[PDB]
Amino acid sequence: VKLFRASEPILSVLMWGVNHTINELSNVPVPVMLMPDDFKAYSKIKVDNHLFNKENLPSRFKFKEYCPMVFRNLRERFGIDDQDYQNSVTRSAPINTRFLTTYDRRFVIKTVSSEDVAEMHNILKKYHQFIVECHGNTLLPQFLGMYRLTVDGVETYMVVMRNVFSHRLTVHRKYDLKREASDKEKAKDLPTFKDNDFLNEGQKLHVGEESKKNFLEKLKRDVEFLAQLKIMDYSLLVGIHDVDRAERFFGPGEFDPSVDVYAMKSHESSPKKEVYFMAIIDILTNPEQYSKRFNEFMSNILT
Amino acid sequence: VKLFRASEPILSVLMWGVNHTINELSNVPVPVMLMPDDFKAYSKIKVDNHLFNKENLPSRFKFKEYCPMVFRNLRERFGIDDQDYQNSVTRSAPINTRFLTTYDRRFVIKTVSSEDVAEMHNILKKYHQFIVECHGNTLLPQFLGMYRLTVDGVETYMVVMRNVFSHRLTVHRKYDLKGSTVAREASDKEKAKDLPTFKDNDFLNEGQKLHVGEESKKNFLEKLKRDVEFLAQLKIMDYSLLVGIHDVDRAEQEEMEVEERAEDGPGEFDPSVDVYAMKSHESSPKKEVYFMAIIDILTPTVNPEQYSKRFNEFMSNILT
Ligand SMILES: Nc1ncnc2c1ncn2[C@@H]1O[C@H](COP(=O)(O)O)[C@@H](O)[C@H]1O
Ligand SMILES: Nc1ncnc2c1ncn2[C@@H]1O[C@H](COP(=O)(O)O)[C@@H](O)[C@H]1O
Ligand SMILES: Nc1ncnc2c1ncn2[C@@H]1O[C@H](COP(=O)(O)O)[C@@H](O)[C@H]1O
Ligand SMILES: Nc1ncnc2c1ncn2[C@@H]1O[C@H](COP(=O)(O)O)[C@@H](O)[C@H]1O
């Protein structure tokens with residue numbers, strides 16, 4: 001029994017919406033291939049409830065899902081089952097209405113702009129074709145579904161993505177990399193440091209050669225693909241989990257690589273014992289040069 | 001796993017809508033009591049699926065359910081579980097817009113007018129109450145759900161009810177009985193049907209008589225009188241006793257032939273499922289099963305009190 005209960009009506013609508021569409025899809029055959037129309041398709045559902053089921057849900061709302069066949073295929077290629085995705089959004093309210101995570105920390109939910117949604121349609125075909133070609137092995141943001149909510153006459157656009165960080169292992173310091181950190185921001189529980197703060201601290205990321213080489217083999221293909229699309233101004237979200245600080249149950253630095261898809265252990269010969277998280281964020285809203293600077297500045301953080 | 005496949009889009013939307021609303025209801029706690037608003041309540045969902053999921057369903061349609069908290073409770077009082085109900089309607093298309101049976105013959109779906117849907121609201125509080133105090137034991141139609149569908153901008157109203165007939169047993173002869181000082185009979189056009197709808201003077205002419213024995217005749221007649229008085233107060237009339245007759249030996253032979261053609265219980269029913277069914281006594285000529293219920297209590301010189309007594313006198317004579 002799912003009461004779509006959450007801080008605000010908008011989150012309840014989202015939970016209702018993801019639940020309803022994922023169920024609807026369970027009645028849609030998986031096709032042998034995506035067709036051009038799947039990329040201009042949508043589901044729209046309008047709800048008008050009078051004196052019914054309004055304990056958590058507004059009585060009136062709209063929910064629109066863009067290209068459900070495409071995003072369901074994306075979910076599959078990213079190794080995510082529809083029931084788990086549904087459960088993570090729907091079992092319990094997402095937590096902190098501009099940037100959320102599901103209650104299990106597996107997925108992130110980003111409110112975006114109209115033009116952002118237009119940009120996603122513009123790249124969706126190639127993005128898909130690339131996700132296929134690279135067999136789901138990529139540092140790119142992982143687009144899991146995309147939605148428009150209408151509550152109280154107001155439209156809100158959202159994109160669901162795989163959390164870059166672990167959904168268990170606590171992150172102890174985050175670097176946004178392409179410039180330094182604000183003052184009011186350095187006084188947060190977890191500050192968002194930048195390129196300089198990183199090079200200042202002289203931070204280092206030691207990870208088995210394979211991790212570095214393999215990590216860069218892919219980092220390159222991805223960036224090369226973002227340039228091929230004339231995109232830029234995207235950062236590399238980096239998380240650091242320091243094992244000792246957080247130190248029947250789970251173990252230290254223990255994690256399930258099939259879930260925490262972006263996690264990398266320290267080297268057999270490394271200073272502190274750490275788990276690192278890394279992926280590309282914010283690709284929605286020279287650029288060929290952007291890629292090469294990005295690609296080099298990053299390569300110079302891995303030994 | 002459900003395609004909502006059907007011969008007409010209206011049926012697909014029906015299957016979709018019952019499926020959808022029963023699932024929503026599953027996430028809605030079952031309340032301690034019903035409230036007055038529950039009798040004024042409704043759900044309305046409008047769908048627009050562009051270039052998506054259009055193999056069986058239309059791209060655009062509307063589904064409205066009246067008073068769903070109430071109908072859920074009615075299903076429960078009638079001993080119908082919501083999942084079974086949903087499955088009977090959705091597992092495979094209903095059969096035969098403007099009168100359908102579910103594929104398993106448990107439920108019936110009647111297309112009704114908007115005047116009918118209004119009468120349902122008018123009488124809904126009393127009807128529910130009446131269902132509570134007779135414990136679900138009635139010959140009356142058992143209303144399980146009420147719906148408005150919109151396809152191609154056209155509105156269609158539907159009521160879902162329990163089948164008067166067995167979902168298993170075959171009916172070999174059937175009657176619609178009101179009983180009046182008028183003329184009621186099977187037209188030369190009806191008799192030409194496989195299962196004709198015979199009426200009052202047919203039943204009298206052929207001198208039929210149903211043999212259920214006293215213990216059942218009494219239980220039955222106590223229901224009728226109460227049911228018909230309730231209808232009486234509500235100022236209702238023009239309803240019939242739907243009578244079906246199953247011949248046990250004739251079905252046993254029918255089954256045998258069904259096997260021979262293909263290859264090349266015995267008059268037993270679950271009174272909890274086949275709710276209107278009565279075995280014949282041990283002193284009956286032919287061995288039979290009967291099905292009897294009141295139908296048509298909404299719009300399709302005598303008065304309503306007269307009718308109740310008259311209708312009741314006739315049915316009383318039918319048994320023995
Ligand atoms: N199938 C599509 N193809 C291209 N652009 C779209 C599509 N759907 C929505 N958009 C754009 O995304 C933004 C939001 O559109 P809407 O879903 O009407 O709110 C607008 O800029 C639309 O033009
Ligand atoms: N994929 C992601 N997983 C987890 N957290 C994220 C992700 N993308 C952005 N964030 C965080 O959410 C905040 C808003 O993102 P942005 O607006 O892109 O800076 C940032 O401070 C990030 O730390
Ligand atoms: N809550 C209600 N109480 C009484 N009559 C109603 C109610 N809802 C609908 N009706 C009647 O049912 C018919 C069709 O209703 P609708 O198309 O749902 O607005 C019309 O005669 C309405 O006035
Ligand atoms: N609840 C019911 N169960 C089975 N058959 C019914 C039921 N109601 C009506 N019928 C039959 O369906 C047809 C239409 O009924 P009506 O609309 O009352 O004339 C007639 O053949 C009736 O005998």
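All values below were derived from every heavy atom in this structure, side-chain atoms included, with hydrogens, water molecules and symmetry-related copies excluded. Reminder, nothing fancy here: chain letters follow the sequence lines and each chain counts from 1. Counting convention: from 1, in listed order, for ligands and their atoms alike.
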Could you list which atoms of ligand 4 come closer than 4.0 Å to a heavy atom of [X]?
{"X": "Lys174(B)", "value": "20 (C), 21 (O), 22 (C), 23 (O)"}
{"X": "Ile295(B)", "value": "8 (N), 9 (C), 18 (O)"}
{"X": "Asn163(B)", "value": "3 (N), 4 (C)"}

Please assess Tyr290(B) against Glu288(B) for the test side chain to side chain donor-acceptor pair (under 3.5 Å), listing each intermediate value before the final yes or no. CA-CA 7 Å; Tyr290(B) 314 100; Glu288(B) 295 173 327; 2.2 Å; yes
Report the relative orientation of the aromatic rings in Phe291(B) and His246(B); use parallel for angles under 30°, tilted for 30 to 60°, perpendicular for over 60°. perpendicular
Keeping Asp116(A) on the side-chain end and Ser113(A) on the backbone end, is there a donor-acceptor pair under 3.5 Å? yes
Give me the atom names and distance for the closest heavy-atom approach of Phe107(B) to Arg162(B). CD2-CA, 4.3 Å
With a distance cut-off below 6.0 Å to the six-membered ring centre and an angular limit of 45° from the axis, does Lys64(B) pair with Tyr42(B) as a cation-pi contact?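 Pair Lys64(B)/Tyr42(B) counts as cation-pi.
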Taking 4.0 Å as the limit for heavy-atom contacts, which would you say applies to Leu242(B) with ligand 4: side chain only, backbone only, both, or neither?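 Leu242(B) to ligand 4: side-chain contact only, backbone stays beyond 4.0 Å.
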Have a look at ligand 4 and work out which part of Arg162(B), if any, has a heavy atom under 4.0 Å from it: side chain, backbone, both or neither. backbone
Residues that [X] engages under side chain to side chain contact (heavy atoms under 4.5 Å, CB included), provided they are two or more places apart:
{"X": "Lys54(B)", "result": "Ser59(B)"}
{"X": "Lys62(A)", "result": "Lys46(A), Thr150(A)"}
{"X": "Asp81(B)", "result": "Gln83(B), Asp84(B)"}

Amino acids contacting ligand 3, non-hydrogen cut-off under 4.0 Å: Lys64(B), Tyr66(B), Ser114(B), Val117(B), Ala118(B), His121(B), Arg148(B), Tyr157(B)
Can you confirm, on distance only, whether ligand 4 has an N/O atom lying under 3.5 Å from any N/O atom belonging to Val164(B)?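 Yes, there is a polar N/O contact under 3.5 Å.
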Is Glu155(B) salt-bridged to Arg148(B), cutoff N-O under 4.0 Å? yes
